[PDB]
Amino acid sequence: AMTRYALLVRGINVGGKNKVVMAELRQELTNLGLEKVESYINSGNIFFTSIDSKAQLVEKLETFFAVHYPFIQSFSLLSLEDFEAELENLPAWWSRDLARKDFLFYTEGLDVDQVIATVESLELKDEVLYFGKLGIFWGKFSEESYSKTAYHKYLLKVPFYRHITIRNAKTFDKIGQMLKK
């Protein structure tokens, strides 16, 4: 059955490199046979519909990126049904006005249980996190204490850093909206 997906990528359109023009990428994916292709902002949030199996889509996209955008070396790919399931188990604090709220989306092929063990080893300070099914909800309470959080101090040190796609809560919401189309 036709399924809608969100395809999220990291590390693009920053530092004057890894350039991806959204209009071009939407056209490319349309030309590969993905339907109703849309995007949001410029960090790599792509939505499309397909009847192909998830495994087929992952192989297609891996092949496409390896040839045409080889700096895209990880991506998250999740369905409307996956996201709806996540929306049924949101932390109560996720809706509150914390200073910063980020969602760390897992990517295809990620060793999630190892990520969880690594995150669990960090000593958390003025922050709260919850392991969801598509990624990690991670809230930091205050701009006063932000620089002392494990999020701020240690994320660049973790082995999984380039293999997660990080978005703020505003974009997390928008991803859900765009999946419902």
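Residues carry their position along the shown sequence, with the first being 1.
> Which has the higher mean CA temperature factor in the PDB entry, 19 to 27 or 154 to 162?
Per the PDB record, 154 to 162.
> Based on what the PDB entry reports, which of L104, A92, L77, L110 has the top C-alpha B-factor?
It is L110.
> Lowest, middle or highest third: where is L57 by C-alpha B factor in its chain?
Its C-alpha B-factor belongs to the middle third of this chain's values.
> So where's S147 on the chain's Cα temperature factor ranking, which third?
Highest third of the chain for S147's C-alpha B-factor.
> Per the entry's values, where does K140 land by CA temperature factor relative to the rest of its chain, in the lowest, middle or highest third?
For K140, the deposited C-alpha B-factor lands in the lowest third.
> What third of its chain, lowest, middle or highest, does the C-alpha temperature factor of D126 fall into?
Its C-alpha B-factor, which the entry lists for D126, ranks in the lowest third among residues of this chain.
> When the modelled residues of the chain are sorted by Cα temperature factor, does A66 land in the lowest, middle or highest third?
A66: CA B-factor falls in the middle third of its chain.
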